[PDB]
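Have a look below at one chain only, the form solved without this ligand, in C-alpha cells format.
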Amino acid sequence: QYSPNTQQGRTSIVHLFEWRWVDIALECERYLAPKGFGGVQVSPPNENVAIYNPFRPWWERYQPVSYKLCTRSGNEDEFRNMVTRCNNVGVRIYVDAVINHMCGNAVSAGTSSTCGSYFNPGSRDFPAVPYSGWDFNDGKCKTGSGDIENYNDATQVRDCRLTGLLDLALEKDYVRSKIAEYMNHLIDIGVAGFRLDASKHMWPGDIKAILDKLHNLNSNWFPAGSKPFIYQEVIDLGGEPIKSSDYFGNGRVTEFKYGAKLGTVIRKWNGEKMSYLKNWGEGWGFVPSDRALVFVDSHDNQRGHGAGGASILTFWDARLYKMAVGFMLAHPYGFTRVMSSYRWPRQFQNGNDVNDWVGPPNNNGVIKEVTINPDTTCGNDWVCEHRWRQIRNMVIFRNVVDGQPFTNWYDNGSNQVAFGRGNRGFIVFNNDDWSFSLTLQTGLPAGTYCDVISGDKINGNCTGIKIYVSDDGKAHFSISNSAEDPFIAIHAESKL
C-alpha cells in the first residue's frame, strides 16, 4: 500500500481539482503522458448532496449521499472511459475516498443530490446504499452535542460528527463491506489507489479492516500481486493525542507540516531562512520519507481550510510558489503531489476570505470545460499550475534524478542555497534581497546545459539561460534578486 504503482520513471501525481472526467481523459493523452506525470488525484466520484446555499460549493462533494459514480464531474461511463484511456497511456488514477461519513445531519431530506437519489439525514436513511440509523455512531459518541468538541480526546475525534457530518459505524462488518464494495468496484475498473479522506477521524484498526477486503489491482494493467496505493489524510502538527505514525500500518500519510514549514521558510517568517533546509526532511520532525505524501498546498489549505493557515503558498503568490514547488520537486523526501486549481473571487474581510466556498468555474452549476490556449495555458478560469513551464519542467526534473542522492549542498548562511542530485541534476536558489553570482561545484559532467526554469531545450538550443559546466564539475551561476524566477535548475536531459 506504500508504492504509488506509477510506471517506471514517473514520480509525481497531480490533483486536477474539480475537473470533469472527459477533460481529465483528454489531459492524460495530450499532456500528462507526454510530459511524464505519474498520476491524477480525482475529486470524489460518488454521488454527493447538491447544496444551493451557498451555490454549489466545492465542499458539497465531501458530503456523500450514495456510492453511485454520478457527480458534476460526469457519470459512470465517463469515469470508466477516463480510467481506461489514462491507464492506456501510463497515467494512473487515484480516487478521493470519502468513507468516514455521509452528509451533514442538518441537511434537508429529499432528492437534492447529484444523481437524484433520495436521502433523509434526519432519520439516518440513505436507501441508495443502503444505510440506516443502525449504521451510524449516534449511540457511540459521548459528547453533549454529538459533534467533535475536543481534539484532546482521541475517542470523540473518531466516534463523533466532524462538524455535523453523519459518522459511519466503521467497526460493523456491514458498513465495512459496503465501503469495500464501493472501493473494489473502482479497483476492478482500473484505479491505482486512494486518498482516504478524514483518516484522522477513523480508527487505524477500522481502516485496516476495510483494506483487508480490497482486491489487488486490475491484472490487465498491473502485475499480479499489486496492492492499491493508500495515502491517509491526517492533519498532524504539534501535540495531539493522535499521531500520523498510528496509521503507518495502513499506508502513507499526508505530511501537512511539510507545506506549512516550507511556507514560513520561503516567506522568511520569524527569522527562518533557506540555509536551514540543509537537513530538510525527517530532521525537521516529519514522518519517514517512505511514508510521506508531500505537497506545497492542497485544495483544503490553499483557501485557509486546512493545516498551515496563512503561511501556505499558492498560485496567488506565483513567484514564491514556483520556487517552493521547485524545491519540493528537487528534494528527495517523500512522494510529491502537484496542485492544479481554479481561480475564485478571493475577498478578504477582517483577515478571512469570505468567498472560500466558491466551487469550480461553471455555467448555471454546470462545471466549465478546460479550454487550452495557444501558449498551452488554460482558459475558463482554470489556473493549470501543472502546465506552468517552471512547474512542468521540475516535474520532469524529478523523473530524471530519481534515485539519485542528495549532495553538493551550498548555502551563504542566509537565503541563497544550492544542492545536487548525484550527477544527474543541480538546482540553485536566491531568496535574499541581493544578487547571487558564484561558482559552485555541481557534480555534473562537463558541457552546456539549458536552464529549465527560464527556458526549454528545443533542438540543439536553449530558449533561456545557459550554464556551462567545466571538467571539474564547477559552474558559474548568476541570479539577481530581481529575476522573474530567482532560481536555476539543470539536469542530465537539459544538456546540449
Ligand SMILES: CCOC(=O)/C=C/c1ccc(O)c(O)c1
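Numbers for residues come from their place in the sequence shown, where the first is 1.
Below: the form solved in complex with this ligand, not depicted.
This chain is drawn without this ligand; in the deposited complex, the residue among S414, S219, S177, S245 with a heavy atom within 4.5 Å of it is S245. Only one of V370, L313, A292, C160 lies close to this ligand in the deposited complex, with a heavy atom inside 4.5 Å, and it is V370.
In the deposited complex, at least one heavy atom of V287 sits within 4.5 Å of this ligand. Contact annotation for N81: at least one heavy atom lies within 4.5 Å of this ligand in the deposited complex. Contact annotation: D236 falls within 4.5 Å of this ligand in the deposited complex, judged by heavy atom distances. Using a 4.5 Å cutoff between non-hydrogen atoms, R85 counts as a contact of this ligand in the deposited complex. Checking 323-331, 278-286, 418-426, 398-406 against this ligand in the deposited complex, the stretch whose residues place heavy atoms within 4.5 Å of it is 278-286. Looking at 9-34, the residues that come within 4.5 Å of this ligand in the deposited complex, counting any heavy atom, are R20, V22, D23, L26.
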